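Okay, here's what each chain looks like letter by letter:
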Amino acid sequence: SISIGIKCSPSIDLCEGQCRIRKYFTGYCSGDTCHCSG
């Protein structure tokens, strides 16, 4: 994965949307930072 440096929480993980508008396929919150892949 890459990290995009958007803050997140795993409990309400909105990283997929942040990754998809940046043209990745998916994303997830690690610790408190969004990761993207694809």
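Residues numbered from 1 in each chain as written, not as in the entry; some residues may be left out. Heavy atoms only, no water.

Method of determination, as annotated in the archive: X-ray crystallography, at 1.80 Å resolution.

**Notes on the pairing of strand β2 (residues 26-30)**
Strand residues, when the strand is regular, have side chains that alternate between the two faces of the sheet. Inclusion rule: Burial classes follow relative accessibility: with a 1.4 Å probe on protein chains only, a residue under 20% of its type's maximum area counts as buried, one over 50% as exposed, and anything between as partly exposed. The helix and strand labels rest on DSSP assignments: H or I over at least four residues marks a helix, E over at least two residues marks a strand, and numbering proceeds from the N terminus. At least two bridges found by DSSP between two strands are what make those strands a pair.
Alternating residues of β2 divide into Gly27 and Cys29, all buried, and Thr26, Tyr28 and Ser30, none buried. Pairing of β2 with strand β3 (residues 33-37), which is carried by five bridges, proceeds in the antiparallel orientation. Each bridged residue has a counterpart across the sheet, and for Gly27 the counterpart in β3 is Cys36. Connecting the antiparallel pair β2 and β3 is a turn made up of two residues, with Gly31 showing a positive phi of about 65°.

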